[PDB]
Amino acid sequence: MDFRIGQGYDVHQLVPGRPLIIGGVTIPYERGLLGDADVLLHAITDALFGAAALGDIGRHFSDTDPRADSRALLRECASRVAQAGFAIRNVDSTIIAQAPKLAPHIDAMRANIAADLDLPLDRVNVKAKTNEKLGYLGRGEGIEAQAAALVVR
């Protein structure tokens, strides 16, 4: 039927003094993202609004708007996607971070995302990459996330 695709990007700086929260999971580390600055949840939200052609995360959830962590935002995104007429079919994503090791936390992130989107676990995927010591990502100065989402009207 009426399938649509969306894609999402996000990046935040990595500094001492903030906790590291990615995909709703708090990961012990000497440093955290500046923004809860959940780079993975933001990229996924963008991908979803994109698939539904609803603009972007900033247009829905403004820095200034009096009307929240990134999971609340993800859930509101999904309701808006639903109300627009679209059912979510799957999400895939990649986190690019030189450190720390993310593999142990992947199932936790998938579980949070699946819960927030009301999806079966087998329709949510999260992957992790280093940047092979290249650029600001490779130097541990920031963390990037990429997302793809498929929906149907």
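The first residue of the sequence shown is number 1, and the count goes up from there.
Please count the deposited residues lying between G35 and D36 that the model leaves without coordinates, and give the class: none, 1 to 3, 4 to 9, or 10 or more.
Unresolved stretch here: 1 to 3 residues.
Averaging only over Cα atoms, indicate whether 54 to 62 or 88 to 96 has the higher B-factor in the PDB entry.
Here the higher of the two C-alpha B-factor means belongs to 54 to 62.
Which of the two stretches, 26 to 34 or 42 to 50, shows the higher mean Cα temperature factor in the record?
Taking the mean C-alpha B-factor of 26 to 34 and of 42 to 50, the larger value falls to 26 to 34.
Per the entry's values, where does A68 land by CA temperature factor relative to the rest of its chain, in the lowest, middle or highest third?
Highest third, going by the recorded CA B-factors of the chain.
Using the temperature factors of the C-alpha atoms in this entry, rank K129 within its chain: lowest, middle or highest third.
Middle third by C-alpha B-factor.
Can you tell me whether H105 has a C-alpha B-factor in the lowest, middle or highest third compared with the other modelled residues of the same chain?
Middle third.
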